[PDB]
Amino acid sequence: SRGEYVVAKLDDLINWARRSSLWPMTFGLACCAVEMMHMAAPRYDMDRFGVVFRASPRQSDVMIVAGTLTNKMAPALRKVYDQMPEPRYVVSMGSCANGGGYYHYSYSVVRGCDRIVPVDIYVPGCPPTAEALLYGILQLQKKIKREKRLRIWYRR
Amino acid sequence: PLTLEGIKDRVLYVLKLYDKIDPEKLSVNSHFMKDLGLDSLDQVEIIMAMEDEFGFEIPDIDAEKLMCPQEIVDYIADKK
Amino acid sequence: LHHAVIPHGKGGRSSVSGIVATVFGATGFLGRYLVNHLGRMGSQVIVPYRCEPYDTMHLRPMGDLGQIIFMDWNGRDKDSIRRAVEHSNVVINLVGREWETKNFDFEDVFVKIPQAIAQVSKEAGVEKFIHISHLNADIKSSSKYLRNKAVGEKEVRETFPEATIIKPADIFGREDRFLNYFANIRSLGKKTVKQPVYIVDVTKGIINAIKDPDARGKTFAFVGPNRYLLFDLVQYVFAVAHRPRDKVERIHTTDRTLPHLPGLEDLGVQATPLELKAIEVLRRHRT
Amino acid sequence: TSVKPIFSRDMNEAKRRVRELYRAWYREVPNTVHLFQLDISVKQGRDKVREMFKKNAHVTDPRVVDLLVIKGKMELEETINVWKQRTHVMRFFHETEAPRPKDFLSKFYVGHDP
Amino acid sequence: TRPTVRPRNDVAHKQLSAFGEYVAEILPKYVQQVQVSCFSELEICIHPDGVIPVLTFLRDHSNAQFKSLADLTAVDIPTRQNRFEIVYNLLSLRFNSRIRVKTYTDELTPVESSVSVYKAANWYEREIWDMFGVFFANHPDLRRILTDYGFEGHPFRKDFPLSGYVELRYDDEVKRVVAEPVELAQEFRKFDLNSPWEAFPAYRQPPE
Amino acid sequence: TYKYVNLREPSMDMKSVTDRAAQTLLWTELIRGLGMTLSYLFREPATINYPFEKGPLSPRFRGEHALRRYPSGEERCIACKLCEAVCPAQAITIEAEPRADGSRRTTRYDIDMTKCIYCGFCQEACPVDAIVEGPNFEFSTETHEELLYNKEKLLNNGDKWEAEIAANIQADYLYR
């Protein structure tokens, strides 16, 4: 079954190519943005994982929603989400963002970013420690390792 | 080509062109507000509709003082 | 019946509503809108997928916290399907690719898929099973599509007889097929009279029929409000859009009404016309 | 009892300012429904505008009428700019149900809403 | 009494007492209270008509300079007919002292829009208009800033509850974000912490 | 006391003005900045290899929200509701019942991981040190359902380790 063999090998190559660099965009509303800039710090690297912090939305591989989502924020957040290529992944960082959090019982606040965009990787904390966020990005990469898109396309 | 009767005829067919008026039933003493069952909301609709039709801005107090088709025609005959 | 299936309070966002719906499909168009309106109703939706979890990921956050649930199914085994329909209030069957594949024809998806799921459903004890079908799918010619759908219609009618066999007309919406082909043109001109029905009235009718009991057993058919020529509709599409073989035969084939079966009026939903929603959806032209 | 009103003397100036504000809303609607690339006919939007005006016609106190005029002027400014987005303008409308009628028996099925 | 309890200066108390007595004597038209707390920060409690005259006096006169403007809020106190309390806060660049000009007001009658003499009061007054509804006649621009546009209710009142009445969610039905009546996921529990037994005997109000 | 800046003048002497002209037309202190940055180039950079080397911490980190139990004994919690009385986002949810024995215990002890700001107030408020902020911080959870702990999840998470928790407490039961 060398057709299946070529499908599996080419799927491994393209998915490793996807998960290799993964340059994000840092949306970053509140102090979770400061902790993201602290995993941009010289101690906890991002060069090593091909991860280039970049404000460009047009080329965003993954998107790290961090800070505190509000009602005034949410349509502009999803407009940022729309002008984005369809292979895309979402890391919800922060207790505020992954379920409302400390401002859960309030007005003007969407109860977590689940109610706007889908979420692949939740990483909790206040702030989620830069070490823990980097672990969450590693488990994001392992989710990219298990995606089987070309397997489903071949045996579709 | 700008007389009183041409302005009254064009006011007549735009009163025909308005939808909720049933029927037109034009008169020099019509008073479409209460004798025809209309609202002051519809009064200001018709006033700024004539403004949209054929000219000048027709401000608020003169929009209030009309309440009547021929009085609109005579106010335009005063203003135009 | 047990508690936490009874309705609770108002509607929306994990207000415990009535039905627990096992949906087959839902990664496509109409199933996605149907999961959307059940999430507005606040109903738990058990959906199995077969594809990558990225598709069910971008249709994931429709529900509230943990309402809808995702699992796996396949078109071969009764064990995975039966495990998906172990505990279900209602179940809907929506499936079908509009071109034959390597491993599936128009036959045996429309034939073999309702057989096994209806088998494990009738051995399972589900209620209000709603099976979709294309309109005017006959024993007659011109489509393996339509004749395999007619065979599936006879199957779902014969075994498990109190299924709501439902059929809309060819629906248009944000991700229509035939209006997209009207956009993806070049040409040719024929004649066919045709009524288009918008998608949200269809899925509102489906959710109302699935939440309203005593309306069971009867097959339903949805009606477009205009019912005029196809080529005039193509001229309308080019006019509103500012620019001057299986799918084209299956739109030129047959479009009629049937006086036998009841439609919109026994449900109480307002019909949205072609013109309003068509002006709403015909974006993406030149400026 | 000394009370200093905003603008009013009787309800004549109230009627005058509210009819001028409605004229401003009439010439406000088509520019905005063309600018925001909206999806609603002009007749429906104008009828919902005049329905929102006809909701609060039961107020005779002139200070309250003055404060309503000032609020409507504020939102007419904030919609004649591009400061408010598509979301707030659709939020004025109700196209997402919200289906709840005022029948007794309908509220008796989905209960505990007297 | 001396360790770990903050000592005070009676000298500053006497200075602020004499100064407040002086201001109360020389603007008799609007002075109702001149109260001095234990730690010497002055409070002047004012009828809602002398806003512009008292602030034009207190900006100048070379005995009370007080150029620095701070907070404005109108502390929502029910069990009154004049509910809201407009609190001007003034700091002297020349004298290093803090005076709190508390003028009282009701729900619907405006105080006289202090932005004419205080250029810092513009967004302060816009904030108070947005959160409360205290109207400000003779003001350049009143808008809603620090709230959503389509939201209304004047939420920092006590009549507005903790959660909002509206709650957004995206839906794919009309392909956009809509507001719904609030469906909380949990209660926001309410702890009856107002314990009895009179922790301060000096602040006892006379009962009936 | 004050020590202010920017009180000088450009010196009118010929040497100082031709030095400022030399910096203007010769690009000197720019190259001095290049020299300083190359001096940081020739250092060894201070990075940590993340999956193998984990960054240092304190014995009093606030992580996992684990539970403890008695020496060969039962559950350390009494359900005395102090942690839910102090929980500043009210993420604790305690419903208590006694069992057939007679000692007072629980039914439902839920931590919302969304609302948990990780203060430490429930650690300081616990009279018997039942709930302890844990040592490890790796949650990284793909689903929002899985971020709502039950009491049995907390007992499994307190029985996956105590020796870390016991070592940290036995080192630092004297400060707090």
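Remarks
For reference, chains read A, B, C, D, E and F in written order, and residue numbers begin at 1 within each chain.
FYI, contacts are C-beta pairs under 8 Å (C-beta built on N, C-alpha and C of every residue); 3 or more make two chains touch, one makes a residue touch a chain.
The minimum number of touch steps linking chain B to chain C comes to 2. The chain with its C-alpha centre at the largest distance from the centre of chain B is F. Between A-F and A-E, more C-beta contact pairs join the chains of A-F. Computed from the mean C-alpha positions, the centre of chain D lies at a distance of 50 Å from the centre of chain F.
In terms of their C-alpha centroids, the spacing between chain B and chain F amounts to 74 Å.
Chain E has its Cα centroid 59 Å from the Cα centroid of chain C.
Note: centroid distance chain B to chain E, computed from Cα atoms, is 52 Å.
The multi-chain contact residues of chain A, meaning those touching 2 or more other chains, are 74-75, 99, 104-105, 114-116, 119-120. Multi-chain contact residues of chain C (touching two or more other chains) are listed as 10, 40, 65. Contacts with at least two other chains are made by no residue of chain B. Which chains touch which is summed up as A-C, A-D, A-E, A-F, B-D, C-D, C-E, C-F, D-E, E-F. Touching chain F in their complex are the following residues of chain C: 65-66. The touching residues of chain B, when paired with chain D in their complex, are 40-41, 44-45, 48, 59-61, 63-64. Interface of chain F with chain A (complex): residues 45-48, 50-51, 54-55, 88-90, 112-118, 137-144, 147. Residues of chain E that touch chain A in their complex: 147-148, 151, 155, 162-164, 167-170, 177, 184-186, 188.
For chain F in complex with chain E, the touching residues are 85, 90.
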